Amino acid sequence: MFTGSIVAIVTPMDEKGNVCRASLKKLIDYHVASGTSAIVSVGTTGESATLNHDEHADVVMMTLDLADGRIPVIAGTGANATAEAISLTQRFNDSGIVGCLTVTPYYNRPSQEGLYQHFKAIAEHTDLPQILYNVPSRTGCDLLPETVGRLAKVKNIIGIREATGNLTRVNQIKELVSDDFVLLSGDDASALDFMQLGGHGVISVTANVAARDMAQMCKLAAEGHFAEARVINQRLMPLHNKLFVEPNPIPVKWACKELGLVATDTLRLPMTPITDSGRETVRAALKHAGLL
């Protein structure tokens, strides 16, 4: 539910940029059948940036509806204003989601004390489990281990998705927090290393198109079978890298279309269509993963 392979699922769109219910349904059936532990609905990969809060809620509600209890859903709920973050959380109260993935404020670059108050205030006004999300390359702000240790003492802050790719953070955080605080990778290419060092899972972009391998790899990692997991990781590694050859979620939406998982690879501005060179590189990485 908060461990293993968690997908950061795309928000499939028609050619007009509106959510495509039929494509979303295919994806959810795909994850239920493939053994994905949970779905993150409307995070970065789900184009949270270019959906308004109303569309955002509709997509999360649609996802719960289609999931029909077969797989846990986590809603993305971050905002760079504490009052908006709180307010967005309230829309999901008593909805069926099992928790929230909430990002560090982007753009306004708060202090560590500001991060602590941001996340503490969010956790206060919900009964829902909160997972902190740290991705400094996008936000301009880095949530430090010391601060995670402070926040972990809050009852319903249950874990962190760490996307720096800085693997020393695993044990710096682990020393400061209780044994049931969940550490998740937010970086596909370093996620197996992350789990090998003590991590419990990954919120994965690769899982959109290689769900079964990711789930097996995460299960082997959790059992301590790292060599066996590493074999699968090597065949996924080109995907781990090339899904980011052009801005995420551009390559992965195109890959979902190439596999037939979604009807179109349409995105919203300022995301733009994949280049021909991009297609060639992604295609080669899909073939290396044995998916084409």
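Numbers follow the displayed sequence, beginning with 1.
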Decide which of the stretches 5-13 and 272-280 has the higher mean C-alpha B-factor, going by the entry. 272-280
So 24-32 or 49-57, which one's hotter by mean CA B-factor in the entry? 49-57
From 176, 195, 75, 207, which pick has the Cα B-factor that tops the rest in the entry? 176
Split into thirds by Cα B-factor across the chain's modelled residues, where does residue 257 land: lowest, middle or highest? highest
Where does the C-alpha B-factor of residue 182 rank in its chain, lowest, middle or highest third? middle
Looking at the entry's B-factor column for C-alpha atoms only, identify whether residue 84 ranks in the lowest, middle or highest third of its chain. lowest
Chain-wide C-alpha B factor ranking for residue 238, given as lowest, middle or highest third: lowest
Of the three thirds of Cα B-factor ranks in this chain, residue 125 occupies the highest
